[PDB]
């Protein structure tokens, strides 16, 4: 049971801009996604000081970065707060609306794409490198879900009955033909060092078996 939804026009326009614009400093996708993960981890950590049962779905607070050259994927797995069905379909796009507008206005007027994160739309920097993005997520108050979009103006949301993640978020970046450098841990390690060296959660960089 796949449900298909249209993005708001502005977010479809943001996505096209990110896909079509000539912009070589693509590696900032990684910083933004790790930051979203850190935020999510901050959130479940904070909530659990007043409700320690919020960790019954997992005590470890961590981020894993897993390259896979033959699937052509880069996965970022966190054990943060995760996302509900409502976030995926309605809530997150509602917040993103204003962020997308301010950002667009800032690009016009000569800000650049690396500044995307200051407007709360950093997630979409994934499309700098990924042809398709799949998000597996699990919040304590909800079922596990699979969110998916290859842009083109749509996303899908379905109940995911694959392996439980317990709590948190799996971002699977299906990378573009020309973006395979990010399937290498030596390249990923370099990008983590320049941008994300002080994240206050253990970031394990997996190694290709390849």
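By rigid core we mean the largest C-alpha set that fits within 1.5 Å across both forms. Positions refer to the first chain, counted from 1.
Rigid core fits of the other structures in 8 other deposited structures of this protein place the C-alpha atoms of one stretch farther away on average; of 57-65 and 22-30, that stretch is 22-30. Each structure in 8 other deposited structures of this protein is fitted to the shown form on the rigid core, and of 126-134 and 81-89 the C-alphas lie farther away on average for 81-89.
A summary of the deposited B-factors shows that, of 105-113 and 134-142, the stretch with the larger mean C-alpha value is 105-113.
In this PDB entry, residue 58 carries a Cα temperature factor that places it within the highest third of its chain's modelled residues. In the PDB entry, residue 67 places in the middle third of its chain by CA B-factor.
Among the modelled residues of the chain, residue 173 sits in the lowest third by CA temperature factor in this PDB entry.
Sort the chain's modelled residues by C-alpha temperature factor and residue 2 lands in the highest third, per the entry. Among all modelled residues in this chain, the alpha-carbon of residue 49 has a temperature factor (C-alpha) in the highest third.
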